[PDB]
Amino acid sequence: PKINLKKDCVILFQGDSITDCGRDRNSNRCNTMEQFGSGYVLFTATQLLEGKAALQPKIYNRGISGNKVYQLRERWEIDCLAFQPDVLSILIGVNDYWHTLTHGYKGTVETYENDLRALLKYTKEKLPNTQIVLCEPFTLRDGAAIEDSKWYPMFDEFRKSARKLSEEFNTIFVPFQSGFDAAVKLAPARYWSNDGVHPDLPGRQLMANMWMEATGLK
């Protein structure tokens, strides 16, 4: 499976802290710094804008920090459906686990897998031509925010669900964990991401390259 793009195709990035990464929420224009922010979305978008330039794609970012699957759902009509995206990218799951530790969230992996399946069923229902790119939620064990006893193997189940769902809905799957598992063998985790949740400049470029590769867009 590969992503197929047309002329003037709409690409939309959706997610949390990792997808938002300080984008201007007041930007009404596609393909700008203000629209993309400073995350992996910027680095993926520019590869799409340069690489697939002949198709002149219109790229948008609607990620919001602190989001969990149910919070994507809450704004899915305005921040997704309204765009009628030709290609929709979703990276969600780290908060669905992390907020059980930080904000006392009572949602398990069951909550996460059921909510995501429901959101994906609805997405394909309302946008039947949309090509979905589902991304693997990830961590870096030696990141400042991660306590190994409080994360593993509980979080691995979240990565299992994201993959299971990509198979169910026959979507593209970006395996970010495998990439980061490899990257930390070259340079320490803090180089890629300081807290082990949110990627820094070397980690954003890595994710962008993975995304271009997984989708087959060069």
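When you see a residue number, it is the position in the sequence shown, counting from 1.
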query	finding
22-30 versus 58-66 - greater average Cα B-factor per the deposited record	22-30
Relative C-alpha B-factor of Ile146, binned into the chain's lowest, middle or highest third	highest
Third of chain Cα B-factors occupied by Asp96	lowest
CA B-factor placement of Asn129, once the chain's modelled residues are sorted into thirds	highest
Chain-relative CA temperature factor third for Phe155	middle
B-factor third for the C-alpha atom of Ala189 within its chain	middle
